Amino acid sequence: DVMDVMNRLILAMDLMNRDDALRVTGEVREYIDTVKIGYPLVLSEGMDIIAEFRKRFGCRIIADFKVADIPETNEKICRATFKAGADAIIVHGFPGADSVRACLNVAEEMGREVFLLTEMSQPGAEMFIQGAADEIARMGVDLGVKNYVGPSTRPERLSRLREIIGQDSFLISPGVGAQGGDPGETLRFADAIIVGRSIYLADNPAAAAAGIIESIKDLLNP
């Protein structure tokens, strides 16, 4: 029982104006039913952008808010985000168990889902996050987290994350394309890949998405 992500491909819609974001998302609609909306778009166009995407595309919405505050503020953020119509929210694990639990409690109450971000894809992740990541992931499992985010750019780390969370957990992975991660290699471990710039900055986003999907065709579910 996990979200059914069409073509194992999630669009990271980080364009910052409504017109372009709507155009590109519409162009790739036949390939992707799950869109990750983050703060670049939300802070530029408002939380109503979630409403507009639901109206226009009917896509599933993951709010990539990397929630990273104290328990009381995390609760408020999750409440506001689910109220606006997000299906799921992404939460940092590094602030600790209480901060994560606050998000899980709201998701449970409100009938939505939390994704736990355990390690990140940027080079700077090696400084502090990488050393804590196995324990952050183990903490997530202990807390009952079922959905996780881990980095395409570090296949050995993504593999270990998959081991810790088990085969039944749901794992999505960014860093594919622009940051250097390979779609097929990433799907060895992740249930779905997240792709932003490779698609949304392409002259033909639909062709870019179709091309990624063609490259992973033998990895799709019947």
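Residue numbers here begin at 1 and follow the sequence given.
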Original post:
Which of the two stretches, 145 to 153 or 101 to 109, shows the higher mean Cα temperature factor in the record?
Top reply: 101 to 109
Original post:
Taking the recorded C-alpha temperature factors, which stretch has the higher mean, 128 to 136 or 87 to 95?
Top reply: 128 to 136
Original post:
Per the PDB entry, which option out of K36, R197, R56, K66 has the greatest Cα B factor?
Top reply: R56
Subject >> CA B-factor placement of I49, once the chain's modelled residues are sorted into thirds >> reply: highest
Original post:
So where's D14 on the chain's Cα temperature factor ranking, which third?
Top reply: lowest
Original post:
Comparing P174 with the other modelled residues of its chain, is its CA B-factor in the lowest, middle or highest third?
Top reply: lowest
